[PDB]
Amino acid sequence: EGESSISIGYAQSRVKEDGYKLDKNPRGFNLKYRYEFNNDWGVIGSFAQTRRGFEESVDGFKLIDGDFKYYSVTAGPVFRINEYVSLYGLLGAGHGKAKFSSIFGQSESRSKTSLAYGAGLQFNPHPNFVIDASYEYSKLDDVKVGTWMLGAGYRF
């Protein structure tokens, strides 16, 4: 009694290529789900995860080892002009933490919430092929993180 669409994609990041794999490829993934409700606008849920680290080589075979992962969840409405294109809005929050100390003890802890927002455009050149291009920007004073997401979706 309705239609749903599932779109998957991979996180993309700007990298430099000098003809040599000086920069390591990034690792991340994203998944989007479209839920159709009886209304003038639909709503989607998006989940994105990316690993942040120094994947760039200072000179060659030299980098800063570190581990940090960001988990971001966003959701927003979908606006369709008229059976031609659809625009997606992303709004949510992100959080990442990769510190360990003790699971038992008493100490003051601090935490910050990253603001995640973005937008996506949907193109349907074919009825059985949906192109989903979107971007997500994580606002954090400590570290500015921009993530580009590219993927495809299937509907019907």
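Each reported figure results from applying straightforward, stated rules to the coordinates on display, with no laboratory input. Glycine gets a Cβ as well: all are built from the backbone with ideal geometry, and neighbour counts include every protein chain shown.
What do you reckon, is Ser46 surrounded by fewer than 16 Cβ atoms within 10 Å (Cβ to Cβ) and hydroxyl-bearing (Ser, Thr, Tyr)?
Criteria not met by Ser46.
Could you check the stretch 37-50 and list, in sequence order, the residues that are of a type outside the set (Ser, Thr, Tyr) and either outside any strand (DSSP E or B) or in contact (Cβ under 8 Å) with a residue 40 or more places away in the chain (or both)?
Of everything in the stretch 37-50, those that are of a type outside the set (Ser, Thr, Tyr) and either outside any strand (DSSP E or B) or in contact (Cβ under 8 Å) with a residue 40 or more places away in the chain (or both) turn out to be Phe37, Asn38, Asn39, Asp40, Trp41, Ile44, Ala48.
Checking the condition among the aromatic types (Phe, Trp, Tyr) and surrounded by 10 or more Cβ atoms within 10 Å (Cβ to Cβ), which residue from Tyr84, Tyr88 passes?
Exactly one of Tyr84, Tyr88 is among the aromatic types (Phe, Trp, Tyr) and surrounded by 10 or more Cβ atoms within 10 Å (Cβ to Cβ), namely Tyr88.
Just to be sure I understand, how many residues within the stretch 21-36 are touching a residue at least 12 places away in the same chain (Cβ under 8 Å) and outside any strand (DSSP E or B)?
Summing the residues that are touching a residue at least 12 places away in the same chain (Cβ under 8 Å) and outside any strand (DSSP E or B) in the stretch 21-36 gives 7.
Among the residues in the stretch 103-110, are any among the polar types (S, T, N, Q), free of Cβ contacts under 8 Å to residues at least 12 places away in the same chain, within 23 Å of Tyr154 (Cβ to Cβ) and not in a strand (DSSP E or B)?
No, the conditions are met nowhere in the stretch 103-110.
Out of the stretch 129-156, which residues are part of a strand (DSSP E or B), among the acidic types (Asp, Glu) and over 16 Å from the mean Cα position of the chain (by Cα)?
Matches in the stretch 129-156: none.
Could we say that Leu63 is surrounded by 13 or more Cβ atoms within 10 Å (Cβ to Cβ) and either outside any strand (DSSP E or B) or of a type in the set (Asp, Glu) (or both) here?
Criteria met by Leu63.
Residues being more than 14 Å from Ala119 (Cβ to Cβ) and of a type in the set (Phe, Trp, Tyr): count how many of those fall in the stretch 72-94.
Summing the residues that are more than 14 Å from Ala119 (Cβ to Cβ) and of a type in the set (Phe, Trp, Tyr) in the stretch 72-94 gives 1.
If you check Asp23 against the conditions, is it more than 15 Å from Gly146 (Cα to Cα), surrounded by 15 or more Cβ atoms within 10 Å (Cβ to Cβ) and acidic (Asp, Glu)?
yes
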